[PDB]
Each structure stands twice: as C-alpha cells, then as structure tokens.
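Pasting upload.pdb here (PDB, C-alpha atoms and all ligand atoms):
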```pdb
MODEL        1
ATOM      1  CA  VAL A   1      15.661  -5.915 -17.771  1.00  0.00           C
ATOM      2  CA  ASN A   2      12.406  -4.792 -19.482  1.00  0.00           C
ATOM      3  CA  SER A   3       9.503  -6.604 -21.234  1.00  0.00           C
ATOM      4  CA  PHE A   4      10.259  -5.697 -24.876  1.00  0.00           C
ATOM      5  CA  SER A   5      10.672  -8.939 -26.874  1.00  0.00           C
ATOM      6  CA  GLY A   6      12.231 -10.079 -30.164  1.00  0.00           C
ATOM      7  CA  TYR A   7      13.904  -6.713 -30.671  1.00  0.00           C
ATOM      8  CA  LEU A   8      17.056  -6.512 -32.808  1.00  0.00           C
ATOM      9  CA  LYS A   9      19.724  -4.538 -30.912  1.00  0.00           C
ATOM     10  CA  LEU A  10      21.186  -1.838 -33.187  1.00  0.00           C
ATOM     11  CA  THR A  11      23.364   0.151 -30.698  1.00  0.00           C
ATOM     12  CA  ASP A  12      23.946   0.508 -26.935  1.00  0.00           C
ATOM     13  CA  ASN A  13      20.505   2.129 -26.553  1.00  0.00           C
ATOM     14  CA  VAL A  14      18.498   1.672 -29.799  1.00  0.00           C
ATOM     15  CA  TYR A  15      16.500  -1.462 -30.646  1.00  0.00           C
ATOM     16  CA  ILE A  16      14.289  -2.176 -33.694  1.00  0.00           C
ATOM     17  CA  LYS A  17      11.575  -4.684 -34.606  1.00  0.00           C
ATOM     18  CA  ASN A  18       9.183  -5.324 -37.491  1.00  0.00           C
ATOM     19  CA  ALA A  19       5.952  -4.635 -35.615  1.00  0.00           C
ATOM     20  CA  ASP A  20       2.836  -2.443 -35.528  1.00  0.00           C
ATOM     21  CA  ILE A  21       3.315   0.106 -32.699  1.00  0.00           C
ATOM     22  CA  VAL A  22      -0.415  -0.217 -31.816  1.00  0.00           C
ATOM     23  CA  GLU A  23      -0.120  -3.995 -31.266  1.00  0.00           C
ATOM     24  CA  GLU A  24       3.245  -3.593 -29.520  1.00  0.00           C
ATOM     25  CA  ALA A  25       1.749  -1.038 -27.112  1.00  0.00           C
ATOM     26  CA  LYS A  26      -1.288  -3.209 -26.308  1.00  0.00           C
ATOM     27  CA  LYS A  27       0.956  -6.195 -25.507  1.00  0.00           C
ATOM     28  CA  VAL A  28       3.763  -4.399 -23.597  1.00  0.00           C
ATOM     29  CA  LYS A  29       1.836  -1.506 -21.987  1.00  0.00           C
ATOM     30  CA  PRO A  30       5.074   0.547 -21.861  1.00  0.00           C
ATOM     31  CA  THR A  31       5.587   3.533 -19.613  1.00  0.00           C
ATOM     32  CA  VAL A  32       5.814   5.761 -22.720  1.00  0.00           C
ATOM     33  CA  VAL A  33       4.514   5.298 -26.256  1.00  0.00           C
ATOM     34  CA  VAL A  34       5.519   7.983 -28.772  1.00  0.00           C
ATOM     35  CA  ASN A  35       2.903   9.359 -31.155  1.00  0.00           C
ATOM     36  CA  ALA A  36       4.133  10.920 -34.421  1.00  0.00           C
ATOM     37  CA  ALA A  37       1.761  13.863 -34.152  1.00  0.00           C
ATOM     38  CA  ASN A  38       1.111  17.213 -35.780  1.00  0.00           C
ATOM     39  CA  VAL A  39       1.045  20.616 -34.071  1.00  0.00           C
ATOM     40  CA  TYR A  40      -2.763  20.554 -33.778  1.00  0.00           C
ATOM     41  CA  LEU A  41      -2.855  17.048 -32.262  1.00  0.00           C
ATOM     42  CA  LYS A  42      -5.301  16.117 -35.061  1.00  0.00           C
ATOM     43  CA  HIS A  43      -5.008  12.288 -35.156  1.00  0.00           C
ATOM     44  CA  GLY A  44      -6.677  11.460 -38.476  1.00  0.00           C
ATOM     45  CA  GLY A  45      -4.345   8.885 -40.052  1.00  0.00           C
ATOM     46  CA  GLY A  46      -0.966   7.148 -39.829  1.00  0.00           C
ATOM     47  CA  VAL A  47       0.447   6.291 -36.380  1.00  0.00           C
ATOM     48  CA  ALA A  48      -1.679   9.044 -34.809  1.00  0.00           C
ATOM     49  CA  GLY A  49      -4.990   7.907 -36.298  1.00  0.00           C
ATOM     50  CA  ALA A  50      -4.193   4.258 -35.571  1.00  0.00           C
ATOM     51  CA  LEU A  51      -3.255   4.868 -31.921  1.00  0.00           C
ATOM     52  CA  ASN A  52      -6.284   7.123 -31.526  1.00  0.00           C
ATOM     53  CA  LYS A  53      -8.575   4.486 -33.073  1.00  0.00           C
ATOM     54  CA  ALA A  54      -7.137   1.987 -30.618  1.00  0.00           C
ATOM     55  CA  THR A  55      -8.157   4.351 -27.764  1.00  0.00           C
ATOM     56  CA  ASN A  56     -11.734   4.580 -29.117  1.00  0.00           C
ATOM     57  CA  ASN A  57     -11.092   8.329 -29.795  1.00  0.00           C
ATOM     58  CA  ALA A  58     -10.234   9.089 -26.146  1.00  0.00           C
ATOM     59  CA  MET A  59      -6.799  10.306 -27.273  1.00  0.00           C
ATOM     60  CA  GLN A  60      -8.456  12.840 -29.610  1.00  0.00           C
ATOM     61  CA  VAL A  61     -10.875  14.053 -26.906  1.00  0.00           C
ATOM     62  CA  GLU A  62      -7.998  14.613 -24.481  1.00  0.00           C
ATOM     63  CA  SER A  63      -5.920  16.264 -27.220  1.00  0.00           C
ATOM     64  CA  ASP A  64      -8.678  18.709 -28.169  1.00  0.00           C
ATOM     65  CA  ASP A  65      -8.881  19.882 -24.553  1.00  0.00           C
ATOM     66  CA  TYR A  66      -5.073  20.239 -24.473  1.00  0.00           C
ATOM     67  CA  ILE A  67      -5.075  22.432 -27.601  1.00  0.00           C
ATOM     68  CA  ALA A  68      -8.012  24.530 -26.419  1.00  0.00           C
ATOM     69  CA  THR A  69      -6.019  25.340 -23.260  1.00  0.00           C
ATOM     70  CA  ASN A  70      -2.454  25.591 -24.592  1.00  0.00           C
ATOM     71  CA  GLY A  71      -2.605  26.205 -28.343  1.00  0.00           C
ATOM     72  CA  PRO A  72      -0.591  24.274 -30.926  1.00  0.00           C
ATOM     73  CA  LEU A  73       2.719  22.581 -30.337  1.00  0.00           C
ATOM     74  CA  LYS A  74       5.908  23.714 -32.076  1.00  0.00           C
ATOM     75  CA  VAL A  75       7.366  21.680 -34.924  1.00  0.00           C
ATOM     76  CA  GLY A  76      10.142  19.800 -33.119  1.00  0.00           C
ATOM     77  CA  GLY A  77       8.206  19.982 -29.832  1.00  0.00           C
ATOM     78  CA  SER A  78       6.196  17.585 -27.706  1.00  0.00           C
ATOM     79  CA  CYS A  79       3.719  17.163 -24.891  1.00  0.00           C
ATOM     80  CA  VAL A  80       3.028  14.346 -22.425  1.00  0.00           C
ATOM     81  CA  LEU A  81      -0.578  13.175 -22.260  1.00  0.00           C
ATOM     82  CA  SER A  82      -2.296   9.998 -21.125  1.00  0.00           C
ATOM     83  CA  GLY A  83      -1.437   6.673 -22.739  1.00  0.00           C
ATOM     84  CA  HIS A  84      -5.057   5.544 -22.284  1.00  0.00           C
ATOM     85  CA  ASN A  85      -5.320   1.758 -22.777  1.00  0.00           C
ATOM     86  CA  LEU A  86      -1.980   1.600 -24.636  1.00  0.00           C
ATOM     87  CA  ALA A  87       0.673   2.881 -22.201  1.00  0.00           C
ATOM     88  CA  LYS A  88       1.009   4.873 -19.011  1.00  0.00           C
ATOM     89  CA  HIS A  89       1.839   8.021 -21.005  1.00  0.00           C
ATOM     90  CA  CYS A  90       1.821   9.122 -24.622  1.00  0.00           C
ATOM     91  CA  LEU A  91       4.607  11.461 -25.685  1.00  0.00           C
ATOM     92  CA  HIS A  92       3.172  13.363 -28.664  1.00  0.00           C
ATOM     93  CA  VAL A  93       6.193  14.448 -30.735  1.00  0.00           C
ATOM     94  CA  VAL A  94       5.988  16.682 -33.814  1.00  0.00           C
ATOM     95  CA  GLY A  95       8.662  15.986 -36.429  1.00  0.00           C
ATOM     96  CA  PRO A  96       9.012  18.416 -39.380  1.00  0.00           C
ATOM     97  CA  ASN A  97       6.619  17.893 -42.277  1.00  0.00           C
ATOM     98  CA  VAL A  98       8.915  18.216 -45.351  1.00  0.00           C
ATOM     99  CA  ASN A  99       5.866  18.284 -47.663  1.00  0.00           C
ATOM    100  CA  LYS A 100       4.890  21.511 -45.829  1.00  0.00           C
ATOM    101  CA  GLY A 101       8.390  22.990 -46.367  1.00  0.00           C
ATOM    102  CA  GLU A 102       9.297  22.403 -42.707  1.00  0.00           C
ATOM    103  CA  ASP A 103      13.059  22.210 -41.989  1.00  0.00           C
ATOM    104  CA  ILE A 104      14.194  18.536 -41.894  1.00  0.00           C
ATOM    105  CA  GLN A 105      16.828  19.654 -39.346  1.00  0.00           C
ATOM    106  CA  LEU A 106      13.931  19.998 -36.844  1.00  0.00           C
ATOM    107  CA  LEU A 107      13.759  16.163 -36.819  1.00  0.00           C
ATOM    108  CA  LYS A 108      16.801  16.174 -34.516  1.00  0.00           C
ATOM    109  CA  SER A 109      14.880  18.557 -32.231  1.00  0.00           C
ATOM    110  CA  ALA A 110      11.909  16.155 -32.301  1.00  0.00           C
ATOM    111  CA  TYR A 111      14.075  13.215 -31.242  1.00  0.00           C
ATOM    112  CA  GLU A 112      15.687  15.288 -28.404  1.00  0.00           C
ATOM    113  CA  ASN A 113      12.313  15.064 -26.643  1.00  0.00           C
ATOM    114  CA  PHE A 114      12.917  11.325 -26.213  1.00  0.00           C
ATOM    115  CA  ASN A 115      15.860  12.050 -23.864  1.00  0.00           C
ATOM    116  CA  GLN A 116      13.426  13.183 -21.155  1.00  0.00           C
ATOM    117  CA  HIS A 117      12.229   9.552 -20.789  1.00  0.00           C
ATOM    118  CA  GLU A 118      14.357   6.604 -19.711  1.00  0.00           C
ATOM    119  CA  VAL A 119      12.575   4.045 -21.938  1.00  0.00           C
ATOM    120  CA  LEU A 120      10.194   4.551 -24.891  1.00  0.00           C
ATOM    121  CA  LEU A 121       8.315   2.619 -27.559  1.00  0.00           C
ATOM    122  CA  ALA A 122       8.400   4.754 -30.683  1.00  0.00           C
ATOM    123  CA  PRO A 123       7.835   4.836 -34.453  1.00  0.00           C
ATOM    124  CA  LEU A 124      10.095   6.498 -37.026  1.00  0.00           C
ATOM    125  CA  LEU A 125       9.365  10.263 -37.024  1.00  0.00           C
ATOM    126  CA  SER A 126       8.966  12.465 -40.165  1.00  0.00           C
ATOM    127  CA  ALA A 127       8.937   9.418 -42.501  1.00  0.00           C
ATOM    128  CA  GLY A 128       5.798   7.963 -44.103  1.00  0.00           C
ATOM    129  CA  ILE A 129       3.252  10.779 -44.665  1.00  0.00           C
ATOM    130  CA  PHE A 130       5.590  13.586 -43.460  1.00  0.00           C
ATOM    131  CA  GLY A 131       7.641  12.896 -46.623  1.00  0.00           C
ATOM    132  CA  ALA A 132      11.156  12.263 -45.278  1.00  0.00           C
ATOM    133  CA  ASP A 133      13.291   9.145 -45.901  1.00  0.00           C
ATOM    134  CA  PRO A 134      13.002   6.426 -43.201  1.00  0.00           C
ATOM    135  CA  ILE A 135      16.725   5.591 -43.518  1.00  0.00           C
ATOM    136  CA  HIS A 136      17.551   9.193 -42.605  1.00  0.00           C
ATOM    137  CA  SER A 137      15.001   9.203 -39.779  1.00  0.00           C
ATOM    138  CA  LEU A 138      16.586   6.120 -38.163  1.00  0.00           C
ATOM    139  CA  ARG A 139      20.054   7.711 -38.477  1.00  0.00           C
ATOM    140  CA  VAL A 140      18.981  10.936 -36.700  1.00  0.00           C
ATOM    141  CA  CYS A 141      17.428   8.813 -33.925  1.00  0.00           C
ATOM    142  CA  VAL A 142      20.615   6.839 -33.258  1.00  0.00           C
ATOM    143  CA  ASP A 143      22.745   9.996 -33.213  1.00  0.00           C
ATOM    144  CA  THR A 144      20.362  11.991 -30.959  1.00  0.00           C
ATOM    145  CA  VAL A 145      18.542   9.709 -28.518  1.00  0.00           C
ATOM    146  CA  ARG A 146      20.612   8.559 -25.531  1.00  0.00           C
ATOM    147  CA  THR A 147      17.804   6.906 -23.559  1.00  0.00           C
ATOM    148  CA  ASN A 148      16.541   3.419 -24.370  1.00  0.00           C
ATOM    149  CA  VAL A 149      14.327   3.450 -27.447  1.00  0.00           C
ATOM    150  CA  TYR A 150      12.410   0.509 -28.916  1.00  0.00           C
ATOM    151  CA  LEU A 151      11.533   1.250 -32.560  1.00  0.00           C
ATOM    152  CA  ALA A 152       8.530  -0.575 -34.051  1.00  0.00           C
ATOM    153  CA  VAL A 153       8.823  -0.508 -37.870  1.00  0.00           C
ATOM    154  CA  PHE A 154       5.436  -1.329 -39.491  1.00  0.00           C
ATOM    155  CA  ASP A 155       6.688  -2.105 -43.041  1.00  0.00           C
ATOM    156  CA  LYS A 156       8.718  -5.348 -43.425  1.00  0.00           C
ATOM    157  CA  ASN A 157      10.448  -4.167 -46.653  1.00  0.00           C
ATOM    158  CA  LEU A 158      11.551  -0.965 -44.883  1.00  0.00           C
ATOM    159  CA  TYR A 159      12.650  -2.859 -41.755  1.00  0.00           C
ATOM    160  CA  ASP A 160      14.705  -5.235 -43.901  1.00  0.00           C
ATOM    161  CA  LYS A 161      16.081  -2.203 -45.707  1.00  0.00           C
ATOM    162  CA  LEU A 162      16.772  -0.214 -42.516  1.00  0.00           C
ATOM    163  CA  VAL A 163      18.712  -3.117 -40.968  1.00  0.00           C
ATOM    164  CA  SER A 164      20.619  -3.988 -44.154  1.00  0.00           C
ATOM    165  CA  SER A 165      21.693  -0.361 -44.725  1.00  0.00           C
ATOM    166  CA  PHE A 166      22.467   0.491 -41.074  1.00  0.00           C
ATOM    167  CA  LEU A 167      25.987   1.757 -40.523  1.00  0.00           C
TER     168      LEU A 167
HETATM  169  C1  LIG B 201       7.698   5.584 -41.010  1.00  0.00           C
HETATM  170  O1  LIG B 201       6.792   6.482 -40.329  1.00  0.00           O
HETATM  171  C2  LIG B 201       5.414   6.046 -40.271  1.00  0.00           C
HETATM  172  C3  LIG B 201       5.362   4.905 -39.224  1.00  0.00           C
HETATM  173  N1  LIG B 201       4.128   4.073 -39.326  1.00  0.00           N
HETATM  174  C4  LIG B 201       3.911   3.052 -38.287  1.00  0.00           C
HETATM  175  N2  LIG B 201       4.998   2.670 -37.519  1.00  0.00           N
HETATM  176  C5  LIG B 201       4.834   1.735 -36.591  1.00  0.00           C
HETATM  177  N3  LIG B 201       3.656   1.158 -36.361  1.00  0.00           N
HETATM  178  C6  LIG B 201       2.558   1.503 -37.073  1.00  0.00           C
HETATM  179  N4  LIG B 201       1.301   1.035 -36.994  1.00  0.00           N
HETATM  180  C7  LIG B 201       0.531   1.663 -37.851  1.00  0.00           C
HETATM  181  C8  LIG B 201      -0.831   1.517 -38.140  1.00  0.00           C
HETATM  182  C9  LIG B 201      -1.382   2.325 -39.119  1.00  0.00           C
HETATM  183  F1  LIG B 201      -2.716   2.184 -39.386  1.00  0.00           F
HETATM  184  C10 LIG B 201      -0.663   3.294 -39.844  1.00  0.00           C
HETATM  185  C11 LIG B 201       0.708   3.417 -39.573  1.00  0.00           C
HETATM  186  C12 LIG B 201       1.330   2.611 -38.592  1.00  0.00           C
HETATM  187  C13 LIG B 201       2.639   2.485 -38.081  1.00  0.00           C
HETATM  188  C14 LIG B 201       3.998   3.616 -40.709  1.00  0.00           C
HETATM  189  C15 LIG B 201       3.930   4.810 -41.676  1.00  0.00           C
HETATM  190  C16 LIG B 201       2.655   5.582 -41.376  1.00  0.00           C
HETATM  191  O2  LIG B 201       2.459   6.591 -42.356  1.00  0.00           O
HETATM  192  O3  LIG B 201       5.022   5.688 -41.558  1.00  0.00           O
ENDMDL
END
```
Whole structure, structure tokens version:
Amino acid sequence: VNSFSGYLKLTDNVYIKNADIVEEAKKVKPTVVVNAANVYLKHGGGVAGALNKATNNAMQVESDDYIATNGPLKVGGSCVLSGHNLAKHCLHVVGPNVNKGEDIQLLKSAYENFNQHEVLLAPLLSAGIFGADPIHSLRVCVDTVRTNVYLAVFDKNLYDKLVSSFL
C-alpha cells in the first residue's frame, strides 16, 4: 500500500490521474518525482520550470552545480538529484525533443530510467513542448516501465482523451 490517491489504474503497474504534478508532489512527498528535463538541466518552463519555481529555484542552483561538474546529460538519459521540498529525490529524465530533430525512439530509453526506482510520480515525457503526441507517450510508458508509476496528467481534455483511447 502507498499514499497515492484517486488514481485510475490502467495496468498492473501504471496509474493515471488528472492532476498537477507540482501539487501532487507537495501533498504526497513521494520518494521519487520525475522531472521532464533537458540535457542542460535548464528549468525555464513546463514541468521543469514549475517544479523549480515550487523549490524557490533551489532545483536550478543544484542543477547548475551538477552540470558544471558532469556536463550535459544524454537525450534518453537521467540523473538523480534532490527532491527539495517536493520529494525525497528528483529523477531528471531527458526525453527526445522532436522539434529539435531528436529521435522519438529515444523516448523508450528515457522511460527505461524509471525501472531503477520501485515507485515514481511522473509526468508524460516528450509531449507538450517537446512536440510529441501524449497518446504515444503514454503507450511507450506502459510498454517500457515495469516499476510502479503514478502519472499526473495536467490537462483534463488530454486525460479524458488518454483514458478513452487507451488500449
Ligand atoms: C504532456 O507533457 C507536459 C506535462 N505537463 C505537466 N504534467 C503534469 N503536471 C504539470 N504541472 C504543470 C505546471 C506547469 F506550470 C506546466 C506544466 C505542468 C504539468 C503539461 C505540459 C507542459 O508543457 O506537457
């Protein structure tokens, strides 16, 4: 048993809810929250900028030190940093940016990072401002992640569409 509430069970291990990941994280304080990041860990907008704003920019300060030491992430890669006031840990995961010409087949690689964590709160990767279709993103997730993933979908129209079109 875990503390995630009102989630709609989609498969053995994938759950979905119409919720803002920032508000979900603040309420649940999960072991792992996933950030949909970029290779530079530049959290200006979207999930990244919203989580970072919720940390009062502490996520960005920590991220800048990480990059100065280690250099950029790979598209499809990840790093574990602090969850600040939102979670124990933040798993920063880079899905492909299809508006940058980045291989959509790297989205599966992005979601493989989730398998290193038994339970995660996560958004849909590569959709929204990375240009890919949310319906496709949810499909890749279900077919790749084997650990227990709680998906917070911010847009109600999309959530209703993701559920209604789920095979
Ligand atoms: C489909 O992928 C992304 C997922 N994203 C979110 N998902 C879950 N919770 C979210 N809270 C937010 C607060 C914000 F200010 C901005 C975005 C979100 C958000 C919505 C959109 C962002 O571009 O697309």
Query raised in the report: Looking at A:37, A:145, A:61, A:68, which one is nearest to ligand LIG 201 (chain B), with distances taken over all atoms listed in the file?
Result: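 Ranked by minimum distance to ligand LIG 201 (chain B), first place goes to A:37.
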Report task. Could the residues that lie within 12 Å of ligand LIG 201 (chain B), counting all atoms listed in the file, be listed as a PyMOL selection string? Result -> chain A and resi 16-26+33-37+43-54+95+97+121-138+150-159+162
Output the selection as a CSV table (one decimal), in the frame of the given file - C-alpha atoms for each residue.
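Once written, part_27.csv looks like this:
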```csv
chain,number,residue,atom,x,y,z
A,16,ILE,CA,14.3,-2.2,-33.7
A,17,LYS,CA,11.6,-4.7,-34.6
A,18,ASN,CA,9.2,-5.3,-37.5
A,19,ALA,CA,6.0,-4.6,-35.6
A,20,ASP,CA,2.8,-2.4,-35.5
A,21,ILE,CA,3.3,0.1,-32.7
A,22,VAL,CA,-0.4,-0.2,-31.8
A,23,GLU,CA,-0.1,-4.0,-31.3
A,24,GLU,CA,3.2,-3.6,-29.5
A,25,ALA,CA,1.7,-1.0,-27.1
A,26,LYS,CA,-1.3,-3.2,-26.3
A,33,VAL,CA,4.5,5.3,-26.3
A,34,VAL,CA,5.5,8.0,-28.8
A,35,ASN,CA,2.9,9.4,-31.2
A,36,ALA,CA,4.1,10.9,-34.4
A,37,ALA,CA,1.8,13.9,-34.2
A,43,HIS,CA,-5.0,12.3,-35.2
A,44,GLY,CA,-6.7,11.5,-38.5
A,45,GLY,CA,-4.3,8.9,-40.1
A,46,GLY,CA,-1.0,7.1,-39.8
A,47,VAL,CA,0.4,6.3,-36.4
A,48,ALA,CA,-1.7,9.0,-34.8
A,49,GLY,CA,-5.0,7.9,-36.3
A,50,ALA,CA,-4.2,4.3,-35.6
A,51,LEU,CA,-3.3,4.9,-31.9
A,52,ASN,CA,-6.3,7.1,-31.5
A,53,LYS,CA,-8.6,4.5,-33.1
A,54,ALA,CA,-7.1,2.0,-30.6
A,95,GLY,CA,8.7,16.0,-36.4
A,97,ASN,CA,6.6,17.9,-42.3
A,121,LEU,CA,8.3,2.6,-27.6
A,122,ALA,CA,8.4,4.8,-30.7
A,123,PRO,CA,7.8,4.8,-34.5
A,124,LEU,CA,10.1,6.5,-37.0
A,125,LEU,CA,9.4,10.3,-37.0
A,126,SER,CA,9.0,12.5,-40.2
A,127,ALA,CA,8.9,9.4,-42.5
A,128,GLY,CA,5.8,8.0,-44.1
A,129,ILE,CA,3.3,10.8,-44.7
A,130,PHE,CA,5.6,13.6,-43.5
A,131,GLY,CA,7.6,12.9,-46.6
A,132,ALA,CA,11.2,12.3,-45.3
A,133,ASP,CA,13.3,9.1,-45.9
A,134,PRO,CA,13.0,6.4,-43.2
A,135,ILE,CA,16.7,5.6,-43.5
A,136,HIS,CA,17.6,9.2,-42.6
A,137,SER,CA,15.0,9.2,-39.8
A,138,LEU,CA,16.6,6.1,-38.2
A,150,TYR,CA,12.4,0.5,-28.9
A,151,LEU,CA,11.5,1.2,-32.6
A,152,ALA,CA,8.5,-0.6,-34.1
A,153,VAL,CA,8.8,-0.5,-37.9
A,154,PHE,CA,5.4,-1.3,-39.5
A,155,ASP,CA,6.7,-2.1,-43.0
A,156,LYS,CA,8.7,-5.3,-43.4
A,157,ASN,CA,10.4,-4.2,-46.7
A,158,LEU,CA,11.6,-1.0,-44.9
A,159,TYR,CA,12.6,-2.9,-41.8
A,162,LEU,CA,16.8,-0.2,-42.5
```
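If you look at CA of residue 112 in chain A and CA of residue 147 in chain A, they are 9.9 Å away from each other.
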Query raised in the report: Contacts of residue 30 in chain A at 10 Å or less, counting all atoms listed in the file, minus same-chain residues fewer than 3 places along, as a VMD selection string?
Result: chain A and resid 2 to 4 24 to 27 33 83 86 to 90 119 to 121
Report task. With a distance cut-off of 7 Å and only C-alpha atoms, select the neighbouring residues of residue 79 in chain A, excluding the residue or stretch itself and same-chain residues fewer than 6 positions from it, and output the selection as a list in words. Result ->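 Skipping anything fewer than 6 positions along the chain leaves residues 91, 92 and 93 of chain A.
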Report task. For CA of residue 56 in chain A and CA of residue 81 in chain A, determine how far apart the two atoms are, in Å to one decimal place. Result ->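 Between these atoms lies a distance of 15.7 Å.
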Query raised in the report: In Å to one decimal, how far is CA of residue 149 in chain A from CA of residue 10 in chain A?
Result: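 These two atoms are separated by 10.4 Å.
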Query raised in the report: Quick one: which residues end up in the PyMOL selection byres (((chain A and resi 108) around 10) and not hetatm) for this structure, as number ranges by chain?
Result: A: 76, 95-96, 104-107, 109-113, 125, 137, 139-141, 143-145
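Residue neighbourhood of residue 73 in chain A, excluding near-sequence residues (fewer than 2 positions): residues 39, 40, 71, 75, 77 and 78 of chain A, at 7 Å, using only C-alpha atoms.
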Query - Given all atoms listed in the file as the counted atoms, nearest of A:115, A:28, A:38, A:161 to residue 100 in chain A - result: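 Result for the nearest residue to residue 100 in chain A: A:38.
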With 4 Å on each side, where is the centre of the axis-aligned box around all listed atoms of range 136-142 of chain A, and how long are its edges in Å to one decimal, as JSON?
```
{"center_x": 17.8, "center_y": 8.5, "center_z": -37.9, "size_x": 13.6, "size_y": 12.8, "size_z": 17.3}
```
Report task. Return the single residue from A:29, A:9, A:117, A:146 that is closest to residue 85 in chain A, with distances computed using all atoms listed in the file. Result ->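 Closest to residue 85 in chain A, using all atoms listed in the file: A:29.
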Fix up range 83-104 of chain A with N, CA and C atoms, then write it as an mmCIF file, in the frame of the given file.
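Writing the result to result.cif gives the following:
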```cif
data_model
loop_
_atom_site.group_PDB
_atom_site.id
_atom_site.type_symbol
_atom_site.label_atom_id
_atom_site.label_comp_id
_atom_site.auth_asym_id
_atom_site.auth_seq_id
_atom_site.Cartn_x
_atom_site.Cartn_y
_atom_site.Cartn_z
ATOM 1 N N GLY A 83 -1.566 7.787 -21.823
ATOM 2 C CA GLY A 83 -1.437 6.673 -22.739
ATOM 3 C C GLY A 83 -2.695 5.854 -22.881
ATOM 4 N N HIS A 84 -3.756 6.221 -22.169
ATOM 5 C CA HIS A 84 -5.057 5.544 -22.284
ATOM 6 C C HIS A 84 -4.863 4.049 -22.053
ATOM 7 N N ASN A 85 -5.411 3.202 -22.908
ATOM 8 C CA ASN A 85 -5.320 1.758 -22.777
ATOM 9 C C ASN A 85 -4.041 1.201 -23.389
ATOM 10 N N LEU A 86 -3.154 2.057 -23.895
ATOM 11 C CA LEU A 86 -1.980 1.600 -24.636
ATOM 12 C C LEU A 86 -0.673 1.667 -23.858
ATOM 13 N N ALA A 87 -0.572 2.569 -22.893
ATOM 14 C CA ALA A 87 0.673 2.881 -22.201
ATOM 15 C C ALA A 87 0.306 3.726 -20.993
ATOM 16 N N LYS A 88 1.257 3.908 -20.078
ATOM 17 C CA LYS A 88 1.009 4.873 -19.011
ATOM 18 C C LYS A 88 0.850 6.282 -19.577
ATOM 19 N N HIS A 89 1.798 6.691 -20.421
ATOM 20 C CA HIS A 89 1.839 8.021 -21.005
ATOM 21 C C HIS A 89 2.013 7.914 -22.506
ATOM 22 N N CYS A 90 1.506 8.922 -23.215
ATOM 23 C CA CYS A 90 1.821 9.122 -24.622
ATOM 24 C C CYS A 90 2.605 10.413 -24.761
ATOM 25 N N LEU A 91 3.807 10.302 -25.317
ATOM 26 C CA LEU A 91 4.607 11.461 -25.685
ATOM 27 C C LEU A 91 4.276 11.804 -27.135
ATOM 28 N N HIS A 92 3.525 12.891 -27.326
ATOM 29 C CA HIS A 92 3.172 13.363 -28.664
ATOM 30 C C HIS A 92 4.330 14.212 -29.160
ATOM 31 N N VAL A 93 5.012 13.766 -30.216
ATOM 32 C CA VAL A 93 6.193 14.448 -30.735
ATOM 33 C C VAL A 93 5.917 14.875 -32.166
ATOM 34 N N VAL A 94 6.211 16.136 -32.479
ATOM 35 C CA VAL A 94 5.988 16.682 -33.814
ATOM 36 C C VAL A 94 7.308 16.709 -34.573
ATOM 37 N N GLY A 95 7.513 15.830 -35.546
ATOM 38 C CA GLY A 95 8.662 15.986 -36.429
ATOM 39 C C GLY A 95 8.308 16.954 -37.565
ATOM 40 N N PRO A 96 9.312 17.515 -38.256
ATOM 41 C CA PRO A 96 9.012 18.416 -39.380
ATOM 42 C C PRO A 96 8.255 17.687 -40.483
ATOM 43 N N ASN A 97 7.348 18.412 -41.120
ATOM 44 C CA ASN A 97 6.619 17.893 -42.277
ATOM 45 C C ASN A 97 7.272 18.474 -43.540
ATOM 46 N N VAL A 98 8.134 17.689 -44.210
ATOM 47 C CA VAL A 98 8.915 18.216 -45.351
ATOM 48 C C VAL A 98 8.032 18.505 -46.565
ATOM 49 N N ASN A 99 6.818 17.963 -46.605
ATOM 50 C CA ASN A 99 5.866 18.284 -47.663
ATOM 51 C C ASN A 99 5.156 19.604 -47.381
ATOM 52 N N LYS A 100 5.338 20.164 -46.180
ATOM 53 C CA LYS A 100 4.890 21.511 -45.829
ATOM 54 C C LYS A 100 6.035 22.525 -45.875
ATOM 55 N N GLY A 101 7.222 22.118 -46.331
ATOM 56 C CA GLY A 101 8.390 22.990 -46.367
ATOM 57 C C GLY A 101 9.078 23.151 -45.029
ATOM 58 N N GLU A 102 8.748 22.307 -44.057
ATOM 59 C CA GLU A 102 9.297 22.403 -42.707
ATOM 60 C C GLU A 102 10.693 21.782 -42.660
ATOM 61 N N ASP A 103 11.654 22.577 -42.187
ATOM 62 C CA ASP A 103 13.059 22.210 -41.989
ATOM 63 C C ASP A 103 13.277 20.774 -41.502
ATOM 64 N N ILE A 104 13.880 19.906 -42.331
ATOM 65 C CA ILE A 104 14.194 18.536 -41.894
ATOM 66 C C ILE A 104 15.142 18.535 -40.696
#
```
